[PDB]
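Participant: Chains as they are written, first to last, in the numbering used here: chain H, 5 to 182; chain W, 424 to 480; chain P, -6 to 109; chain B, 939 to 1021. All residues carry an ideal CB built from backbone N, CA and C; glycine is no exception. So that we are looking at the same thing, I have put the structure below in C-alpha cells.
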RNA sequence: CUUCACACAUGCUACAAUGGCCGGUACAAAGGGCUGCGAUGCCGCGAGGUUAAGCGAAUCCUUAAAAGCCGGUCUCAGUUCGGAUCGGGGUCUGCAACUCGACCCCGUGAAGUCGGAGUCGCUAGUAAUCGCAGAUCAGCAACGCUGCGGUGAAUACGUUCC
Ligand SMILES: [Mg+2]
Ligand SMILES: [Mg+2]
Ligand SMILES: [Mg+2]
Ligand SMILES: [Mg+2]
Ligand SMILES: [Mg+2]
Ligand SMILES: [Mg+2]
Ligand SMILES: [Mg+2]
Ligand SMILES: [Mg+2]
Ligand SMILES: [Zn+2]
C-alpha cells in the first residue's frame, strides 16, 4: 500500500469538492497514467540504445520499456521507417503512485540549480508534461556504470476536464510550481 | 509478459540527512537508498546602482 | 561526491578538488578547509558523509557558486549593453574592453585569422 | 577621484549648473564639455550634451548609469568596417 | 597620435616532472636618494595607510637578491601545466584615470602538447638561464634601452661547399 495513494484518498480527494463544486463523487479528478520516454535521436547512428537507453529506464521506473519505431523516413534527420528512435515506458496502477512519490520526494530536488516547474505546461485538458536533464537525478542508475548522458520527458495524464482543475490536483500531490 | 523479464522491484527504506525517512518500493539492491537532500531539507520547498553609490559614500 | 551540484572527481586532493566548483579557486578553497576543520591533504574518496554536511552549508552562507554566480556574471554584462556605455558597445562587437591594443593582437576576443 | 578617500569627482562648474536646476524643478538640456565628471544621483532625469570631439551627443541618465563617467556615453571614434 | 576584415618585424611568457606549488635556509656586484629615501612601531589577506628614528650619504635608507640547497606533496593530465579574456571590489599618483595609467585581492581559466618552406645568434667567464640597479619620470603601458653580478656548458677534423 503506497503512501501517496492512501494520502490521495484521505484529504486530497475531499479537498477538491470544496475548491470545485462537483455534484457527484465520480467527477473528482484522478491521475491515470504517467508516461516516460527518452526519445533517443542519436540511435539512427551507432545502434547503441539497448545497452544505454533500455538498461536505465528499467532501473528508474521499474518495468522494461518498449522500443518505438519511426513512422516515416526523414532525409534531413538521417532516418528510416521502422528504425528504433524512441524508448517508452508506461506506468499504471500502484507503480504509478510509487513513482510519483519517488519523483517528488527524493528525485526532483536533485536537479542542478533547481528553481521549480512551470504551471503553464498544460495541454488544455489538464495533462502536465515536463522534462529532465540527464541520467543524474534518479539514484537507481549510477553515474559510474553508464554511457553518454541523456534526458527524458514525463507526461502526467489526469481525468480533469480543464487546466486549473489539474493544477489544483498536482499542487496537492507535491509538484513544485511557481 | 509480467514474469522474469522485469528487474527486481522490492520494498525499500530511504533515509535522509535531515532526519526525514519513509518507505517505498524501488529497484535499489538491499533496500538501502540514502539521499543527501529531500523534499523538506531543500530550498524552494521551505524558502541597484544607486544603492551601491551610497554604500561607497 | 556531489557537493553543490558539481560531482567532484574521485582520487583528488581536497585542496584542489574544490576548485572544480565554479566560484571557488585556490585561496577560497583554503578557507573552506579552515572553517570546517578538514585537512588539506585528504583524498576525496575518504570524504565522510558527516564531513560533507559541514561544507555544504559554509558555502551556502558565505560564498557564491554555480547558477546564482553565473547568472550574476552574465547579468553584469547585460547591464552594460542596453545602457549604452563604452564597454557595452565594445561587448557587442567582440573587441577587448579594458583598453587593449587592437592593431596586432586581441586574438582572444576575436577568433583565429580571417586572412583577407 | 577614483579613490574612496576623497569622494567622487564632479567638475565644480557642472554642479552649479544642476544644483541651480534641481531647486526650481526644470529639465533643460545641459551643454557641457566635461567628459570626465562622474555621474551622481542628482543627474537622475536630467539630460546632457557631452562633447566627443566634433559634436554634442545627447545622453539621458535614467537610473542605471549612476556610477559611470559621463563621457562613456559619447564615443569619440567612428568605425563602420573595412569593407 | 592608443582605431582594426588584415600583413610583416623585434621581443616577452608558455606548451611542463632537468617541472609546478607549500614550508625551512645560504651567497652578490654596480647604482640612487631633501618638492626626497621612509628604519622601527601599530593597522590592512594585499597594493599600501599612519607615526617618525637616522641621513646631502664607505655612516642612515634603498636591502628580502633570484636561480641554488634541504624536506613535503602533485604522478603525466589541456593538468595543482599555462595565465589570455571577462565579472565584481580596492589602493596610489595627479586639477582629472571614460576614450587612455600602473599595482593589489577574489572569481573566471582562452590558445598552446616544441612549430611548414625557410631562417638567427654565439668560440669562454662565451652561449644558455637567474635576478638587481640606473637614465627619462607626478605616475606609467619598462617585456625596450644602457649597465651589474650569480650559476655556467658543448664543439672547432678541416677550407670541399654557401
Ligand atoms: Mg606612436
Ligand atoms: Mg600555476
Ligand atoms: Mg601584519
Ligand atoms: Mg627539490
Ligand atoms: Mg586544443
Ligand atoms: Mg604533456
Ligand atoms: Mg671571433
Ligand atoms: Mg619611473
Ligand atoms: Zn532532509
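Does the segment 65 to 78 of chain H come close enough to the segment 18 to 28 of chain H to have 3 or more Cβ pairs within less than 8 Å?
Facilitator: no
Participant: If contact is defined by three or more beta carbon pairs under 8 Å, each pair taking one atom from either stretch, is the segment -1 to 14 of chain P in contact with the segment 32 to 39 of chain P?
Facilitator: With three or more CB-CB distances shorter than 8 Å, the segment 32 to 39 of chain P counts as touching the segment -1 to 14 of chain P.
Participant: Using the rule of at least 16 other Cβ atoms within 10 Å of the residue's Cβ for burial, across every protein chain shown, is residue 143(H) buried or exposed?
Facilitator: Residue 143(H) is buried by the Cβ-count criterion.
Participant: Cβ closer than 8 Å: which chain H residues qualify as neighbours of residue 59(P)?
Facilitator: 116 and 117
Participant: So residue 1001(B) contacts chain W; which residues on that side make the cut at Cβ distance below 8 Å?
Facilitator: 471, 472 and 473
Participant: Under DSSP, the beta strand (DSSP E) around residue 434(W) begins and ends at which residues?
Facilitator: 433 to 438 is the extent of the beta strand (DSSP E) around residue 434(W).
Participant: Going along chain B in order, which residues have a C-beta closer than 8 Å to the C-beta of residue 72(P)?
Facilitator: 1002
Participant: Would you say the segment 940 to 955 of chain B touches the segment 966 to 979 of chain B, given that touching needs at least three Cβ pairs under 8 Å?
Facilitator: Flag = yes, the segment 940 to 955 of chain B and the segment 966 to 979 of chain B touch.
Participant: Exposed or buried, residue 1017(B), counting other C-beta atoms within 10 Å across all chains shown (16 or more means buried)?
Facilitator: exposed
Participant: Should residue 439(W) be listed as close to ligand 9, given that the test is whether its C-beta is under 6 Å from any heavy atom?
Facilitator: yes
Participant: Looking at residue 448(W): is its Cβ nearer than 7 Å to the Cβ of residue 435(W)?
Facilitator: yes
Participant: Which residue marks the beginning of the beta strand (DSSP E) containing residue 984(B), and which one marks its end?
Facilitator: Element bounds for residue 984(B): n/a, residue is neither H nor E.
Participant: For residue 53(H), I'd like the list of residues in its chain whose CB is within less than 7 Å of its CB, leaving aside the five on either flank, ordered along the chain.
Facilitator: 44, 47, 88 and 91
Participant: Express the C-alpha separation of residue 987(B) and residue 968(B) in angstroms, rounding to a whole number.
Facilitator: 6 Å
Participant: Could you check whether the Cβ of residue 16(H) sits closer than 7 Å to any Cβ belonging to chain W?
Facilitator: no
Participant: Would you say residue 422(W) lies against chain H (beta-carbon separation less than 7 Å)?
Facilitator: The structure shown does not extend to residue 422(W), since chain W is modelled only from 424 to 480, so the question has no answer here.
Participant: Are residue 130(H) and residue 162(H) close, meaning C-beta to C-beta below 7 Å?
Facilitator: yes
Participant: Is there a C-beta anywhere in chain P that falls below 7 Å from the one on residue 994(B)?
Facilitator: no
Participant: Can you check whether the CB of residue 996(B) is closer than 7 Å to the CB of residue 985(B)?
Facilitator: yes
Participant: Could you give the DSSP three-state label for residue 12(P): helix, strand or coil?
Facilitator: helix
Participant: What are the start and end residues of the alpha helix (DSSP H) that includes residue 480(W)?
Facilitator: Here residue 480(W) belongs to no alpha helix (DSSP H), and DSSP marks it neither H nor E.
Participant: Are the Cβ atoms of residue 25(P) and residue 45(P) separated by less than 7 Å?
Facilitator: no
Participant: Should residue 97(H) be flagged as near chain W, meaning a C-beta pair shorter than 7 Å?
Facilitator: no
Participant: Buried or exposed: which applies to residue 93(P), given that a residue is buried once 16 or more other Cβ atoms fall within 10 Å of its Cβ?
Facilitator: exposed
Participant: Quick one: which unbroken beta strand (DSSP E) runs of 3-plus residues sit fully inside the segment 22 to 67 of chain H? Chain order, please.
Facilitator: Uninterrupted beta strand (DSSP E) stretches at least 3 residues long and entirely within the segment 22 to 67 of chain H occur at 35 to 41, given in chain order.
Participant: Any C-beta of chain B sitting closer than 7 Å to the C-beta of residue 87(P)?
Facilitator: Residue 87(P) has a beta carbon lying at 7 Å or more from every beta carbon in chain B.
Participant: Leaving out five residues on either side along the sequence, give the residues of the same chain with a beta carbon under 6 Å from the beta carbon of residue 941(B).
Facilitator: none
Participant: What in chain W is Cβ-close to residue 63(H), meaning under 8 Å?
Facilitator: 430 and 450
Participant: Taking just the CA atoms, how far does residue 22(P) sit from residue 141(H)?
Facilitator: 27 Å
Participant: Of all the CB atoms in chain H, is at least one closer than 7 Å to the CB of residue -2(P)?
Facilitator: yes
Participant: Given a cut-off of 7 Å on the beta-carbon distance, is the pair residue 76(P) and residue 1002(B) in contact?
Facilitator: yes
Participant: Give me, in chain order, the residues of the same chain whose beta-carbon lies closer than 7 Å to that of residue 74(P); leave out the 5 immediate sequence neighbours on both sides.
Facilitator: Within the same chain, Cβ atoms closer than 7 Å to the Cβ of residue 74(P) are found at 81, 84 and 85, the five residues on either side in sequence being excluded.
Participant: Excluding five sequence neighbours on each side, which residues of the same chain lie with their C-beta closer than 8 Å to the C-beta of residue 6(P)?
Facilitator: If the five residues before and after residue 6(P) are omitted, its C-beta is found closer than 8 Å to the C-beta atoms of 33, 34, 35, 36 and 37, all from its own chain and listed in chain order.
Participant: Is there at least one Cβ from chain B nearer than 7 Å to residue 445(W)'s Cβ?
Facilitator: With 7 Å as the cut-off, residue 445(W) does not count as an interface residue toward chain B.
Participant: Could you check which residue in 446(W), 426(W), 429(W) and 432(W) has the C-alpha nearest to that of residue 110(H)?
Facilitator: 446(W)
Participant: Can you say whether residue 57(H) is buried or exposed, counting buried as having 16 or more other CB atoms within 10 angstroms of its CB?
Facilitator: buried
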